[PDB]
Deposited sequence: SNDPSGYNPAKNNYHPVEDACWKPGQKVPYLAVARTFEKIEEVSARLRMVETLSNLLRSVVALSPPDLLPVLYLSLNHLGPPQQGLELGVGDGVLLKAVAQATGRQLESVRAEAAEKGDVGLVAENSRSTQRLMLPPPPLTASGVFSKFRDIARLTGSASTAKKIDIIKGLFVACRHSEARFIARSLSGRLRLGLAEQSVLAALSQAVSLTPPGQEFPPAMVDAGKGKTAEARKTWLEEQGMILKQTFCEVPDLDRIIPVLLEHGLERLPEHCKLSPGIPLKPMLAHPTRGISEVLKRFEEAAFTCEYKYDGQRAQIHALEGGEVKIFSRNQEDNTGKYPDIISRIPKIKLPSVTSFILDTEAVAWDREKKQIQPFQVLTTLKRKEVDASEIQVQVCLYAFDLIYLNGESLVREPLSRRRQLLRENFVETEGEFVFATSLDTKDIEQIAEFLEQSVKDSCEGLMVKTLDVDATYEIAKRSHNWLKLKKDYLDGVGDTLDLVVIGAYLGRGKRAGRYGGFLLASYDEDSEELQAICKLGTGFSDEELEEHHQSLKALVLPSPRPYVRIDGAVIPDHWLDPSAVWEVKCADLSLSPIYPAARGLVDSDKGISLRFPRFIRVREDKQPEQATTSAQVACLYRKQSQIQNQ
């Protein structure tokens, strides 16, 4: 049948058996996957991407079920289940070395072209005494990626380069483009987890697994009205999405899906302590008015938004405790102190639970929350080891599971009541998030002010009874986050000088994707780098920046511009442009020189979450925010 180079999963009236490019029972060719990625990359309509991926997956299900799992992971650019912690350990540097070797070019030449094009894939693809090696297969490429991720220790980079070179030598057509993009962590299809799930549920709905070959049912949706088909696929999609959000692990879900089908899947893969789940997320909301409009017909609660790290705390029946990050990373080992206090935070009647909390640094002498930067510096504190002044404190804000019962479909009013009834607070150790139930604008505004005075970032807002569940599948950003620095005109902005630009990648290829900013150190008469900047401009504004900063490019840096440890710009810029920049906090920096010596001996100051607001056309660089002003902003935190 068909050579894979001609595979077209975007064709009208795609037939999963007749339009595939491999025979039943054989390994899915990687070129089939690459061709699907091509047809996805070529469009901007996400629903067209889903249809195209679904066509590939239908053929995988019909012909080669064992390759469904690797094909899905390749489509997500995942190495496996997130809690297993697999990491390629391949940066652009190592990848470029492998490309240079495979293409027979000097490294600097490949590096410069990759920076200019904004994409390593284009260099690997568009850049033989031996006949080709066997064609790449989807499962074979996936296992090679996992081989790369497993390599560790001295000389491991050399072994990784050998695997990558081996892949590139076997590539044809567009394969090297997507293998290089995968290895760089930037597959950039425009299609990610939500679209992959929609494609998968559509595929197994239209082309059910488990059919003796050839499958008699290849397009089950076909004969329905447009409305009935849409409703049916939505319902099937929700079955998969709700299961995935409770058990975000394709290693678990896919074998069940293939053996038992989608309808039975929830009976086999269930929320359970010890298995990380997807956390509820929050939509940014730029003011109280937007909150009220969003929750127009629903009573809601406001809670302090604590400035720490999420900690999903699992207590299994029998006493084992596990702690997971918001991205399902196993964090159990960072918190032995916490784990030994679990019998202290729960009533004796609690036999199992899943808590949603923020881990925060707490200074027990000052009795106050410390900045996130302090928290990330805390070393693990063994129980029976000597006590230190600052410790991790949990601020609990949700209860997902209790005594063998999932609370995912319960309204927050009930989950919060069970949380408050069944758990016990200890200052500096385990505390319920401070909250207020109101619709009064002035009360909300005063509560927002108080959260900031109490060392928090702002407010989380959550409905209590209407659309108030923990069902990520229904709405992943079911909560709202309201920060003072979202309010334009509110909070501290800086006027900073653009001293450098960085070539853009991906969506920014062909212009500047980032910029190096500086404050003005009056005492030493120098500009000091303070942060980089890569968000806040519209596409049109970024085009304007590219055009006006192009003219200011210098071959060699000005001698009064100090950047110390900052990334050297691709283009140094005549210090001229002054931009208004907003941030959330100021941090003590290990690399930036701004205001060094004014607050800390060895460290300058940088900006947390900086973003572009507007050009200060009226201001000259001498009128930029000074480094003394930067120190003033830091101290008043």
Could you please spell out the deposited residue ranges that have no C-alpha entry in the coordinates?
128 to 131, 642 to 647
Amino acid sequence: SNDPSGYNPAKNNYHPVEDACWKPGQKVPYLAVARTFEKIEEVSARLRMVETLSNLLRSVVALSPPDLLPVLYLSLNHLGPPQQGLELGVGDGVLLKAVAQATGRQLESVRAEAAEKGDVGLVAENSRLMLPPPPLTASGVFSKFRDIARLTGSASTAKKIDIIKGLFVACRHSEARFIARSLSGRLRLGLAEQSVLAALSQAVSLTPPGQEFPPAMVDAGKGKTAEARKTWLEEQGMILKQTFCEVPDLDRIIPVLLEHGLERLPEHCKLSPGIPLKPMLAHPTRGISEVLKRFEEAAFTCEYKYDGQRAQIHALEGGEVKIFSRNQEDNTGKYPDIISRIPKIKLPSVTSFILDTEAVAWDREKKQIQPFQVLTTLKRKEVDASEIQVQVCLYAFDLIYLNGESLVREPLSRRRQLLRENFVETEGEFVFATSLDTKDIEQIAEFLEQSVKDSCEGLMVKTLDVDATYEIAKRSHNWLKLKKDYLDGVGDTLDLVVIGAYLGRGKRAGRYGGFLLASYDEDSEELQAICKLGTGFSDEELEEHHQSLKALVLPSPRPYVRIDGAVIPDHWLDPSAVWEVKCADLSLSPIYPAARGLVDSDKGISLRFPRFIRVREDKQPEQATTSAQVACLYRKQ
From here on, numbers count along this sequence of modelled residues.
Averaging the C-alpha temperature factors as deposited, the higher value of 438 to 446 versus 547 to 555 falls on 547 to 555
Taking the mean of the C-alpha B-factors per stretch from the entry, tell me the winner out of 588 to 596 and 33 to 41.
588 to 596
Looking at the C-alpha B-factor values in the deposited entry, which of 286, 474, 414, 97 comes out highest?
286
Per the deposited entry, the peak Cα B-factor within the set 567, 299, 419, 124 goes to 124
Tell me, lowest, middle or highest third: where does the Cα B factor of residue 398 rank within its chain?
lowest
In terms of its chain's C-alpha B-factors, the third that includes residue 602 is the highest
Split the chain's modelled residues into thirds by Cα B-factor; is residue 452 in the lowest, middle or highest one?
lowest
Here the Cα B-factor of residue 59, set against its chain, lands in the third termed lowest
C-alpha B factor of residue 310, ranked within the chain: lowest, middle or highest third?
lowest
